[PDB]
């Protein structure tokens, strides 16, 4: 699969949003789901519903097929951390978890949530993990500032303190992951349980 990184681009979500509503694109997006078999190119989540498309280069003015790839809503919100929670888009909380990368985290969240709605006895051991990962939101606060566990604030943090190198910006924010909220995605989860 491809690579995942927390990105806080300034005015890029405007283009990602304006493109998704632009009906010239609603024919391109039907191609992009099929060329990738409706599978997220980051964690592998495969579902016929509620899939998004993100640019790998970050520039949403270029639209060549080699750039647009499929991504679930858990991974799509990683390209716009500054907007996760703005006007209803996305939902989650930043946590400190070195043991898992971002892709392994999201693909694990799909298994947990699916094993929570489809209560199979494993709903117990699943909630005792999701809340356990949600507990790391305090550690992110004792390391960057009050309320910086909210992705809307942290997005403006890494935007204010401008760091251009994808190397220092990496070592600084190392071991910080975006844990997608179970509540803000209740509709996608339950509809994925049926469509199976």
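Residue numbers count along the first chain shown, from 1.
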| item | value |
| --- | --- |
| Given 19 to 27 and 177 to 185, the range whose Cα B-factors average higher in the PDB entry | 19 to 27 |
| Between the two ranges 61 to 69 and 41 to 49, the one averaging a larger CA B factor in the entry | 61 to 69 |
| Lowest, middle or highest third - CA B-factor, residue 135 | lowest |
| Cα B factor band for residue 144 (lowest, middle or highest third within the chain) | middle |
| Ranked C-alpha temperature factor of residue 74 among modelled chain residues, by third | lowest |
| Third of chain Cα B-factors occupied by residue 107 | middle |
| Where the record places residue 159 (Cα B-factor, split into thirds across the chain) | highest |
